[PDB]
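Just below is one structure, and these are the notes that go with it.
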Amino acid sequence: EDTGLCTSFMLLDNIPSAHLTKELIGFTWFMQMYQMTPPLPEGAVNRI
Amino acid sequence: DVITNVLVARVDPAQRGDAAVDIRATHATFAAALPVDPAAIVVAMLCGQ
Amino acid sequence: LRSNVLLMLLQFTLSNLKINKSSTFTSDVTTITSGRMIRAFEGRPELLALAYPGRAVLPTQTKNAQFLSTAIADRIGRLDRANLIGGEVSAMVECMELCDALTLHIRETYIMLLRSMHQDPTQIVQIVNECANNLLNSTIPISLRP
Amino acid sequence: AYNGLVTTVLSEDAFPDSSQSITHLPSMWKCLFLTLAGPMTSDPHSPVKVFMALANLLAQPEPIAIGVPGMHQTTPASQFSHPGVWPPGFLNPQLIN
Amino acid sequence: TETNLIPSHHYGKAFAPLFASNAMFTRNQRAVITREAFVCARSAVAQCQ
Amino acid sequence: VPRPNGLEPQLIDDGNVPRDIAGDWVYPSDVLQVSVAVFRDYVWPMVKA
Amino acid sequence: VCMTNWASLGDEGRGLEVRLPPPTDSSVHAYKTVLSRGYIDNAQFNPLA
Amino acid sequence: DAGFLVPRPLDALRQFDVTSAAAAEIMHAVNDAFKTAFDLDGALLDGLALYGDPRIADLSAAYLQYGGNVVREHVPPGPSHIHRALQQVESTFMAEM
């Protein structure tokens, strides 16, 4: 029996976004800054 | 007229959405089966002044 | 390549031969979906966020938020808990959650495999009696078994 | 007084098993004490469990067919706890030769 | 054979522990998994063929 | 929504369109509880002015 | 201010009373009875329960 | 929202869809009010709480006979007094909250 949800295709964050605090602030918005894990991956490339 | 089941309707089955029959219908007997020894009864039947 | 690909698809299928066990459903007391019977996990609490994209908070206009804003609110949690006995566990819930269509199809034909070899106790009390040639006392209770 | 809440059904261990014959003497005293304490109990299927447990013991000397489907005279008294399983020979003794 | 022996009662006591468990049905479960492998191993070869 | 220039950040509408914060707004209680830090950082300083 | 049995002069009383604070204090601890144990803090109430 | 017909003074208050499990924790603490106030040892009203669907309309016990003759004993509660005072308090709340 499977208690967890039945999928085999995870939504893997392949390339992370550019973490930056010096220049171009506000282009990216993570859910980690609000103490929350995102449902969907967060980065440049997210291969299924 | 012999009783197969004894139920307790929290709501009438005409008005029972998400129909939930009583847990008493899971047992074979309509009530709680209490095993009794018949040899212990017939001694009590055949004595007892 | 055709032999290697066909072999991992049987690695894919036999790994998915499981039963979708129902779990506990808690009412969403918070305001995110407000009463939809979501599935708390309590063995992996991180899995609740990835299960339900409808419960995502959308603070900014993220590119994910460009997508998750279009999520319909009543597409989450269970829909019809097909329950039979009050006080006893329901036999078959019907929920929407994150799930691929392929692994679900492997699992639904696996229950159909397990239903293909299941007989109710009216039949299996004959099979035990006929394998014992009608002797060796066997007693089935005539009542519901969900 | 509390029927419908608890039934004082006969014990499983005191039915004579449905392979022993009636010629075996400790099996029929096990059936004799079963029949005498029959009406004492509050089981409504107890008239049929009384009738069937004797009918288990005399299967080959008294081979009657029983009108309940899929079920035979070697089927014990432990089974008969439902009204549709009562034998029509017990329901009508004129069906018994 | 013992004189006061019923063959139906003797075979009831004889055959008793090998019908108590569902281990008789274990070889009945082996027949599916042998089949499900045999159809796939036929099909794994014949599709590569 | 943030707009990547000297344009001001503007807020989404019930008709699902970004609208400017400067002006009168209506929140329901459900949206305020899920956009608290978004309230406090963007529209609430535009209330203190 | 709602304070039950504030002028009671009986022998004893029931252990189930309602003593709301005056509105200068937080009256939130009486609206957390049914669906609020656990997750909520000791300062806020759920508007949905 | 539906089910048993009650007067609804408090209907303007916000409340989510109370399912069977959330109604059990309503039933946990209404019972805990009456056990605290009147000091009953034992359990007066928690079979509605501990199992089943607590969203009741009218309790009734019935026994099913074999010939299809189900007979049901509806038992409505009598003239309720504490609820008659509670319906005053609910309606007084909506103007004196």
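Residue numbers (the entry's author numbering), protein chains in the order written: chain A, 196 to 243; chain B, 778 to 826; chain C, 293 to 438; chain D, 536 to 632; chain E, 827 to 875; chain F, 1021 to 1069; chain G, 244 to 292; chain H, 876 to 972.
For each residue, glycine too, the CB sits at the ideal point set by N, CA and C.
Under the rule that 16 or more other beta-carbon atoms within 10 Å means buried, what is residue i, buried or exposed?
{"i": "C/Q415", "result": "exposed"}
{"i": "A/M205", "result": "exposed"}
{"i": "E/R853", "result": "exposed"}
{"i": "C/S430", "result": "buried"}
{"i": "E/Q855", "result": "exposed"}
{"i": "F/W1064", "result": "exposed"}
{"i": "D/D578", "result": "buried"}
{"i": "D/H580", "result": "buried"}
{"i": "H/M972", "result": "exposed"}
{"i": "D/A594", "result": "buried"}
{"i": "F/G1043", "result": "exposed"}
{"i": "D/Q614", "result": "buried"}
{"i": "G/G256", "result": "exposed"}
{"i": "A/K217", "result": "exposed"}
{"i": "H/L923", "result": "buried"}
{"i": "C/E338", "result": "exposed"}
{"i": "F/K1068", "result": "exposed"}
{"i": "C/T362", "result": "exposed"}
{"i": "B/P812", "result": "exposed"}
{"i": "B/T781", "result": "buried"}
{"i": "B/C824", "result": "exposed"}
{"i": "H/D928", "result": "buried"}
Would residue i pass as an interface residue toward chain H - the criterion being a Cβ-Cβ separation below 9 Å?
{"i": "B/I780", "result": "yes"}
{"i": "G/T247", "result": "no"}
{"i": "G/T267", "result": "no"}
Could you tell me how far apart the beta carbons of residue i and residue j are, in whole angstroms, since I believe they sit closer than 8 Å?
{"i": "D/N591", "j": "D/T609", "result": "7 Å"}
{"i": "H/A932", "j": "B/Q792", "result": "6 Å"}
{"i": "F/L1031", "j": "F/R1023", "result": "Not a contact, Cβ separation roughly 12 Å."}
{"i": "D/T558", "j": "B/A808", "result": "In fact, because the Cβ distance is near 37 Å, the residues do not count as touching under 8 Å."}
{"i": "B/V785", "j": "B/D799", "result": "5 Å"}
{"i": "H/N906", "j": "H/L920", "result": "5 Å"}
{"i": "G/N289", "j": "C/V321", "result": "7 Å"}
At the 9 Å Cβ level, is residue i part of the contact set with chain D, yes or no?
{"i": "C/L427", "result": "yes"}
{"i": "E/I832", "result": "yes"}
{"i": "B/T806", "result": "yes"}
{"i": "B/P790", "result": "no"}
Got a sec: is the Cβ-Cβ distance from residue i to anything in chain G below 9 Å?
{"i": "H/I957", "result": "no"}
{"i": "C/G369", "result": "no"}
{"i": "C/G327", "result": "yes"}
{"i": "H/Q963", "result": "no"}
Hey, does residue i have any beta-carbon neighbour from chain E nearer than 9 Å?
{"i": "C/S295", "result": "yes"}
{"i": "D/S554", "result": "yes"}
Kindly say whether residue i, judged by its beta-carbon, lies nearer than 9 Å to any beta-carbon of chain B.
{"i": "H/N906", "result": "no"}
{"i": "H/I931", "result": "yes"}
{"i": "D/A536", "result": "no"}
{"i": "H/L939", "result": "yes"}
{"i": "D/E547", "result": "yes"}
{"i": "C/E380", "result": "yes"}
{"i": "C/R331", "result": "no"}
Using beta carbons (cut-off 9 Å, strictly below), is residue i in contact with chain C?
{"i": "H/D921", "result": "no"}
{"i": "G/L252", "result": "no"}
{"i": "G/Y282", "result": "yes"}
{"i": "G/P290", "result": "yes"}
{"i": "A/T216", "result": "no"}
{"i": "B/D795", "result": "yes"}
Could you confirm whether any beta carbon from chain F is found closer than 9 Å to the beta carbon of residue i?
{"i": "A/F204", "result": "no"}
{"i": "A/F225", "result": "no"}
Check whether chain A comes within 9 Å of residue i, counting only Cβ atoms and requiring the distance to be less than that.
{"i": "F/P1065", "result": "no"}
{"i": "C/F359", "result": "yes"}
At least three beta-carbon pairs within less than 8 Å, the segment 558-573 of chain D to the segment 295-309 of chain C: no
Secondary structure, beta strand (DSSP E): runs of 3+ residues fully inside the segment 925-964 of chain H: DSSP runs (the beta strand (DSSP E)) wholly in the segment 925-964 of chain H: 935-940 and 945-949.
Near-chain J residues of the segment 836-847 of chain E - C-beta to any C-beta below 7 Å: No chain J is present in this structure, whose protein chains are A, B, C, D, E, F, G and H.
The segment 339-355 of chain C in contact with the segment 378-393 of chain C per 3-pair CB rule at 8 Å: yes
Minimum length 3: unbroken beta strand (DSSP E) runs contained in the segment 320-397 of chain C: none
Three CB pairs or more closer than 8 Å across the segment 211-221 of chain A and the segment 404-412 of chain C: Too few Cβ pairs lie closer than 8 Å, so no.
Secondary structure, alpha helix (DSSP H): runs of 4+ residues fully inside the segment 553-596 of chain D: 560-571 and 581-592
Segment contact, 8 Å Cβ cut-off, at least three pairs: the segment 364-371 of chain C with the segment 225-239 of chain A: Too few Cβ pairs lie closer than 8 Å, so no.
Cβ pair count under 8 Å reaching 3, the segment 614-632 of chain D against the segment 419-434 of chain C: yes
Three or more C-beta pairs below 8 Å linking the segment 326-334 of chain C and the segment 885-899 of chain H: yes
The segment 933-953 of chain H in contact with the segment 398-406 of chain C per 3-pair CB rule at 8 Å: no
Stretch pair the segment 272-286 of chain G + the segment 930-950 of chain H: three plus CB contacts closer than 8 Å: no
Minimum length 3: unbroken beta strand (DSSP E) runs contained in the segment 196-222 of chain A: 207-210
Cβ pair count under 8 Å reaching 3, the segment 835-847 of chain E against the segment 417-431 of chain C: The segment 835-847 of chain E makes contact with the segment 417-431 of chain C; the number of CB pairs closer than 8 Å reaches 3 or more.
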